[PDB]
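Student: Coordinates for the following, if possible.
(one chain, ligands or ions: 1)
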Amino acid sequence: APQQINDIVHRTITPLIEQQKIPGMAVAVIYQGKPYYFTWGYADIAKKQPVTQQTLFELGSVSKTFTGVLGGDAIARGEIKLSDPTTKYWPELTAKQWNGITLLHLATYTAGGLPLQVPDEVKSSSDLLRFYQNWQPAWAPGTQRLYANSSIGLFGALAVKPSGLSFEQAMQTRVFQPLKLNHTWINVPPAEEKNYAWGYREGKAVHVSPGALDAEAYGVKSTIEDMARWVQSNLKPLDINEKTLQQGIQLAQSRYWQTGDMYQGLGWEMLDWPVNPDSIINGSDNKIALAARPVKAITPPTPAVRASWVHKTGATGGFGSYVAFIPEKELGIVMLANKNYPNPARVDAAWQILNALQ
Ligand SMILES: *c1nnc([C@H](NC(=O)OC(C)(C)C)C(C)C)o1
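Tutor: Numbering: from 1, shown residues only. This is the structure:
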């Protein structure tokens, strides 16, 4: 890495790891389109395994960005429309409150109060159907944004129905493979377990538990190298040869709703560049990010804006991730850690790095 990058990275991340007592960490900086890597600490403390450029981290909700692009790809393929009723792709969902709830609403958390989690008791196909069937909205569709695994998770399960493929097959075939993300997994295969970091929660080694719609909402695992490639692909979607994927990425970065200074895309969230750092740093606190907020519709959606800060935070029990990029500056960061530490600390650090290099 250019010494400019070494300097700000080292000055910023070392204190962060100490303050937050993070066991292990990988960072990628994308500068003028090119990736530069940094690793610290332990993927497995007990077995003294270092974090490397091949270590898999749980991405948590950064997974939603893959889900959004896969949905955008299916739109571009003509398989689905965001204007379509949810019930078009789930005929067994006959509950009357679903009338007027479209795929857009599901993708962008504006259905009317779908909850943050699918309940842990929802295991089977029958349970899943009964959960959505019996759900009663707090608000009308397209009025309030309330961040929800149950909203975008359902979007992702339904977006892949016309293709005949499972969510996992569609993700592999249509996104991971074309982009050469050869070390990104929804399910980590036995040969890769050697590289799968443990997460740490109150000193305990932990991995994400299975739950309904996990793959869609929070279930991807990936390395710092594949995550840099993902950033490169979203920075510059026009270098992508596969046409519907190229469109899908553009669609995931369109602005569908505004709340405050933030715009909701598919998975991705966007703000105009230059940004108020306090706004993205403070707004990342779950006390704000997870509260209901009124949305204004963008009619019709604004196509991907090059002068944007595009980002997503993500967590699991034992992991904390963050991705941010500015297409106009060809500039991005990926931060992957095996402790779930506060969101504002991630955004703060990412801003310091990107602002110095901008
Ligand atoms: C997306 N990213 N982080 C989160 C936390 N949600 C969550 O579902 O955690 C598990 C279930 C372990 C993945 C949330 C913001 C507290 O969701």
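Student: use CA for all of it now, contacts and neighbours both
Tutor: Fine.
Student: So which residue is dead centre in the protein?
Tutor: residue 62 (2.3 Å; Cα atoms, centre = their mean).
Student: was I right about that one contacting residue 314?
Tutor: Yes: because the distance of 4.8 Å satisfies Cα atoms under 8 Å, residue 62 is recorded as touching residue 314.
Student: Need the residues touching each of those two.
Tutor: 218, 321, 322 (Cα atoms under 8 Å, 6 or more residues apart in numbering).
Student: could you pick out which of the residues you listed are near the ligand?
Tutor: Among the shared contacts of residue 62 and residue 314, proximity to the ligand is found for residue 218 (Cα under 6 Å from any ligand atom).
Student: got a markdown table for the shared contacts of residue 62 and residue 314, with neighbour count and secondary structure too?
Tutor: Shown next, in a markdown table, are the shared contacts of residue 62 and residue 314 (neighbours: other Cα atoms under 10 Å; DSSP: H, G, I helix; E, B strand; the rest coil):
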| residue | neighbour count | secondary structure |
| --- | --- | --- |
| 218 | 25 | helix |
| 321 | 28 | strand |
| 322 | 23 | strand |
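Student: Can you add distance to residue 161 and give the shared contacts of residue 62 and residue 314 back as TSV?
Tutor: Formatted as TSV, the shared contacts of residue 62 and residue 314 follow (distance: Cα to Cα, whole Å):
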residue	distance to residue 161
218	20
321	29
322	30
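Student: Just give me the closest of the shared contacts of residue 62 and residue 314 to the ligand.
Tutor: residue 218 (5.4 Å; Cα to the nearest ligand atom).
Student: Now for that closest one: which residues touch it?
Tutor: With Cα under 8 Å, 6+ apart, residue 218 has these contacts: 59, 60, 61, 62, 63, 64, 149, 314, 315, 316.
Student: So which of those residues belong to strands?
Tutor: 314, 315 (DSSP state E).
Student: near the ligand, from the contacts of residue 218?
Tutor: Checking the contacts of residue 218 against the ligand (Cα under 6 Å from any ligand atom), the matches are 60, 61, 314, 315, 316.
Student: Reformat these as JSON lines; add neighbour count.
Tutor: Formatted as JSON lines, these follow (neighbours: other Cα atoms under 10 Å):
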{"residue": "60", "neighbour count": "26"}
{"residue": "61", "neighbour count": "26"}
{"residue": "314", "neighbour count": "20"}
{"residue": "315", "neighbour count": "25"}
{"residue": "316", "neighbour count": "22"}
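Student: Out of the residues you listed, which is nearest to residue 248?
Tutor: Of all these, residue 61 has the smallest distance to residue 248: 18.8 Å, by Cα to Cα.
Student: Quick check, that closest one in contact with residue 315.
Tutor: Yes: using Cα under 8 Å, residue 61 is in contact with residue 315, at 6.1 Å.
Student: Residues of the stretch 201-350 of the chain that sit close to the ligand?
Tutor: Near the ligand, when you scan the stretch 201-350 of the chain using Cα under 6 Å from any ligand atom, you find 218, 314, 315, 316, 317.
Student: bridging residues for the third one?
Tutor: The partner list for residue 315 in beta bridges (DSSP bridges) reads residue 320.
Student: when you give positions from now on, start the count at 469
Tutor: Let's use 469 as the start, then, which means that last one is residue 783.
Student: Next, the contact list for it, please.
Tutor: Residues in contact with residue 783, defined by Cα under 8 Å, 6+ apart, are 526, 527, 528, 529, 530, 686, 789, 808.
Student: The closest residue to residue 604 other than its chain neighbours: neighbour count?
Tutor: In space, and not counting its chain neighbours, residue 604 is closest to residue 565: 7.0 Å by Cα to Cα, 6 or more residues apart in numbering. Residue 565 is flanked by 15 other residues according to other Cα atoms under 10 Å.
Student: burial measure for residue 634, as a count.
Tutor: Neighbour tally, residue 634, other Cα under 10 Å: 13.
Student: And the one 10 residues further on, by the same measure?
Tutor: For residue 644, the count of nearby residues is 20 (other Cα under 10 Å).
Student: How about the one 3 residues further on?
Tutor: By other Cα under 10 Å, 19 other residues sit near residue 647.
Student: ok, it to residue 545 distance?
Tutor: As judged by Cα to Cα, to the nearest Å, residue 647 and residue 545 stand 17 Å apart.
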